[PDB]
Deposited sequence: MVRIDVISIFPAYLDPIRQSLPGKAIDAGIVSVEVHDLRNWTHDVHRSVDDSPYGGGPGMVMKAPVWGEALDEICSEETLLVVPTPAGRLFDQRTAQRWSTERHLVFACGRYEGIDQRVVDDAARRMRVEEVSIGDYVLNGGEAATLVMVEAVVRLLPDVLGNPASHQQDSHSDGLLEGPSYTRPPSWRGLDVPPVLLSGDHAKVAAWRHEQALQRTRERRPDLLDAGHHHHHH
């Protein structure tokens, strides 16, 4: 079984996660503050365009939630790219914890301190800016949980009934179901589409 914990200051963002192989629980980071403010952020050393999430609050939260077996994931645009190989690899773990940052991110010593007792990976789901880690966590959790109990080319187009719709016909090779003919046409289609859309996959 995989146990998954998510720590966020916007726990309600993680409601779709719910939509004995996996266990999920969402935690409000403010539960580990000790002031009337329930403050989780403070000014950046050296100056900066926003606020940085406090290390003591996070340290206390990870002290409680994590053990030596935990794989701590930190969603951040400064991280390594998430991909299908990572999702598969994470699917073999027994405890995943997602630390969702807000504002300009989390004090770096959080990750350094945590790395003393567990494994930590800083990852980005893509080259775009979000308000925080929550949406990225939803994507990575979905990608992992679905793996629980021309491959380098894009998928080509798929078709179903009817054979003709609004003037557009299904390619006849697909209707004349010779397996060799279909596969050849599909590899041609996958090739052209990869060239058109993701030439980097060929370099």
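Enquirer: Quick one: where does the model skip the deposited sequence?
Expert: According to the record, the gaps fall at 20-28, 159-172, 227-234.
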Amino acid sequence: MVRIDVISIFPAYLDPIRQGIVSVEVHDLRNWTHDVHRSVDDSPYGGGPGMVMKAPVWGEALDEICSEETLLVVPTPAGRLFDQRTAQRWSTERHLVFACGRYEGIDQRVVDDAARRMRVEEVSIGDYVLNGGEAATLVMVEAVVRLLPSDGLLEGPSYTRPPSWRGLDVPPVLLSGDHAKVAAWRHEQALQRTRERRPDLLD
From here on, numbers count along this sequence of modelled residues.
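Enquirer: Higher average CA B factor in the deposited record is what I'm after, so tell me if that's 58-66 or 131-139.
Expert: Looking at the record's C-alpha B-factors, the answer is 58-66.
Enquirer: Please compare 110-118 with 79-87 and say which has the higher mean C-alpha temperature factor in the record.
Expert: Averaged over C-alpha atoms, the B-factors run higher in 110-118.
Enquirer: Quick one: which of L175, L29, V145, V52 has the biggest Cα B-factor according to the entry?
Expert: In this record, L175 carries the highest C-alpha B-factor of the candidates.
Enquirer: Using only modelled residues of the chain, where does the Cα B factor of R18 rank: lowest third, middle third or highest third?
Expert: For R18, the deposited C-alpha B-factor lands in the highest third.
Enquirer: For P157, does the deposited CA B-factor place it in the lowest, middle or highest third of the chain?
Expert: Middle third by C-alpha B-factor.
Enquirer: Against its chain's modelled residues, does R186's Cα B factor rank lowest, middle or highest third?
Expert: For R186, the deposited C-alpha B-factor lands in the lowest third.
Enquirer: Going by the CA temperature factor in the PDB record, which third of the chain does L202 belong to: lowest, middle or highest?
Expert: Ranked within chain, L202 CA B lands in the highest tercile.
Enquirer: Should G47 be placed in the lowest, middle or highest third of its chain by the C-alpha B factor in the entry?
Expert: Bottom third by C-alpha B-factor.
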